[PDB]
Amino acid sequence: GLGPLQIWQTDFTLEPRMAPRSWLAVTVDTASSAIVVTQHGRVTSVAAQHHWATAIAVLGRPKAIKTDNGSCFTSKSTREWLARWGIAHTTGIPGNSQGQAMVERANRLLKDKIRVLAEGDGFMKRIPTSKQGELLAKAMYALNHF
């Protein structure tokens, strides 16, 4: 009733231990702080939509999503995908202050956990392709359900 508004912050961050699909799309729900992450081979408009599709099935549909002015976020294709869902989009204050400090903190936490868990299993550099999936799920589990 008076609970937090369902606004998300989403960003892409690069992680060479997950190559070839080293681009991680990360979404923080600012109401509950849950984190959602997916892996992509390239940072395109289609990869952001695929990421939000998965986040929507996991967290439910938000009232709005805050992103930066990356092209994969302000392109026509992406503005139409968001309108088809009824989700408002804002790139925040124009010149900002980066009102997406949350996703940026999530990004560092996420890369740390990936590195500790991978090193925990003997992978000092790249994680074998076949192990990437479970480790990513595992880092996401440790970050949400502490």
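Don't overthink the numbering: it's just position in the shown sequence, from 1. In this text, rigid core is short for the largest set of C-alphas that superpose within 1.5 Å between two forms.
K.L.:
With the rigid core as the fit anchor, does 81-89 or 99-107 show bigger C-alpha shifts in 6 other deposited structures of this protein?
P.N.:
Higher average C-alpha offset in 6 other deposited structures of this protein goes to 99-107.
K.L.:
Do the CA atoms of 27-35 or those of 54-62 have the higher mean B-factor in the entry?
P.N.:
That would be 27-35.
K.L.:
Between 91-99 and 109-117, name whichever shows the higher mean Cα B factor according to the PDB entry.
P.N.:
Stretch with the greater average CA B-factor: 91-99.
K.L.:
Splitting the chain's C-alpha B-factors into thirds, which one does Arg21 fall into?
P.N.:
As the PDB entry reports it, the C-alpha B-factor of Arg21 lands in the lowest third of its chain.
K.L.:
Of the three thirds of its chain by CA temperature factor, lowest, middle or highest, which one includes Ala142?
P.N.:
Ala142: CA B-factor falls in the middle third of its chain.
K.L.:
Ranking every modelled residue in this chain by its Cα temperature factor as given in the entry, which third contains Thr44?
P.N.:
CA B-factor rank for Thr44: middle third.
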